[PDB]
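Now for the letters of each chain:
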Amino acid sequence: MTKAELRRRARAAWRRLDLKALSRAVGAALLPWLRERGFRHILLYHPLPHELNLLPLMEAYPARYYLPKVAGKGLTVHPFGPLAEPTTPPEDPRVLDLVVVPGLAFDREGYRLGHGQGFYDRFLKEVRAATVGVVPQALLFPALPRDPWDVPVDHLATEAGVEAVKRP
């Protein structure tokens, strides 16, 4: 089937769950991995609907944190900071050692059902960093329809903890 049909299914799943609680659970279950790896420069995201709030990570795991900003067809990286649009300077993405990627759903190969704009697809080609897709277990779907422009994450984090995506 189509990505549109899958997105409808993912939304039905998101509404049977408690987003605050799953946000807390996913954040908690990330912490051993973050500590083991010792990541220091992490890109999060500003939480939208059918998304986990993982901003409480910052207090739980002290690090330099960053947020993406849309600029053109691209994501740019700004430190977590004041807004009026961020006031912190733009920064080159190579400073990051971890990218945390939200999604409507992911498959176990690390592919995501996104917002359809290509931002993460373009952005994930410019980083050399560990990546992790964050999702409730219920939003781990069977293999998503695959396109040449799709870029997978290499780890997944659910309320059960962090797991590798098998190398393609």
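Residues numbered from 1 in each chain as written, not as in the entry; some residues may be left out. Heavy atoms only, no water.

- Going by the header, the method for this PDB entry is X-ray crystallography, and the resolution given is 1.70 Å.

**Observations regarding the sheet that holds strand β8 (residues 140–141)**
Alright, step 1. Strand order in the open sheet made by the three strands is β6-β5-β8, with mixed pairing throughout. A single partner strand is all that each edge strand has here, and the edge strands are β6 (112–113) and β8.
Alright, step 2. As paired elements, strand β5 (residues 105–107) and β8 share two bridges and run parallel to each other. Bridged to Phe 106 within β8 is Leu 140. (Pairing = 2+ DSSP bridges. Helix = DSSP H or I, 4+ residues; strand = E, 2+ residues; numbered from the N terminus.)

**Quick notes on helix α2 (residues 19–37)**
Alright, step 1. Look at α2: 27 Å from first C-alpha to last across 19 residues, which is about the 27 Å you get at 1.5 Å a residue.
Alright, step 2. The largest bend in α2 is about 30°, located at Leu 31, with the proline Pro 32 one to four residues further on.
Alright, step 3. For α2, the complete set of buried residues consists of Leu 22, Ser 23, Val 26, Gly 27, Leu 30, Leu 31, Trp 33 and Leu 34.
Alright, step 4. On the buried face of α2, the contacting elements are α3 (57–60), β4 (98–101), β7 (130–134), β9 (155–158) and β10 (161–164).
Alright, step 5. Two or three places before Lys 20, at the start of α2, stands the capping residue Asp 18, its side-chain oxygen 3.3 Å from that residue's backbone nitrogen.
Alright, step 6. Following α2 by one or two positions, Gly 38 adopts a phi angle in the positive range, close to 65°. (Expected span 1.5 Å × (residues − 1). Bend = angle between axes of the 7 residues up to and from the residue. Buried < 20%, exposed > 50% of the residue type's maximum accessible area, 1.4 Å probe, protein only. Contact = heavy atoms within 4.5 Å. Polar contact = N/O pair within 3.5 Å; in protein donor to acceptor, adjacent residues only side chain to side chain.)

**Structural notes on the pattern of salt bridges**
Alright, step 1. One pass over the structure, following the stated rule, counts three salt bridges.
Alright, step 2. Of the charged contacts, one joins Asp 150 and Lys 3 as a salt bridge, the two residues approaching to 3.7 Å between their closest N and O atoms.
Alright, step 3. Under the relative-accessibility criterion, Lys 3 is labelled partly exposed at 23%.
Alright, step 4. A salt bridge links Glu 85 to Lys 69, with the shortest nitrogen-to-oxygen separation between them at 3.1 Å.
Alright, step 5. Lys 69 gets classed as partly exposed once you look at its relative accessible area, which sits at 22%.
Alright, step 6. The structure contains a network of salt bridges with shared partners spanning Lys 3, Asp 147 and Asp 150. (Salt bridge = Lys/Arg side-chain N within 4 Å of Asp/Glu carboxyl O.)

**Re the layout of surface pockets**
Alright, step 1. Of the voids in this model, the second largest pocket is the one considered here, and its volume is about 220 Å³.
Alright, step 2. Lining the second largest pocket, in full, are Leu 124, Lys 125, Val 127, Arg 128, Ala 129, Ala 130, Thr 131, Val 151, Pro 152, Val 153 and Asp 154. (1 Å grid on protein atoms, 1.4 Å probe; cavity = no way out; pocket = protein on both sides within 12 Å on 5 of 7 lines; lining within 4 Å. Points joined across faces, edges and corners; volume = space filled by probe spheres on them.)

**Describing the sheet that holds β10**
Hydrogen bonds between backbone atoms are what pair the strands of a sheet, whose relative direction is either parallel or antiparallel.
Alright, step 1. Spatially, seven strands are ordered β3-β2-β1-β4-β7-β9-β10 in an open sheet, and the strand pairing comes out mixed. Either end of the sheet is taken by a strand with one partner, and the two such strands are β3 (74–79) and β10. Across the sheet, the mean angle separating the axes of adjacent strands is 30° when strand polarity is ignored.
Alright, step 2. As defined by bridge partners, β4 adjoins β7 across four bridges and the pair is classed as parallel. Looking at the pairing, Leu 98 lines up with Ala 130 of β7.
Alright, step 3. Along the sheet, α2 makes contact with β4, β7, β9 and β10, crossing β9 at roughly 140°. (Axes fitted to C-alpha atoms, helices over the stretch in contact; angles between N-to-C directions.)

**Side note on the pairing of β9**
Alright, step 1. What you see with β9 is no split at all: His 155 and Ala 157 on one side and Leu 156 and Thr 158 on the other are buried throughout.
Alright, step 2. Relative to β9, β7 runs parallel, the two sharing two bridges. Bridge pairing links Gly 133 to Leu 156 in β9.
Alright, step 3. From the end of β9 to the start of β10, which pair antiparallel, there are two residues.

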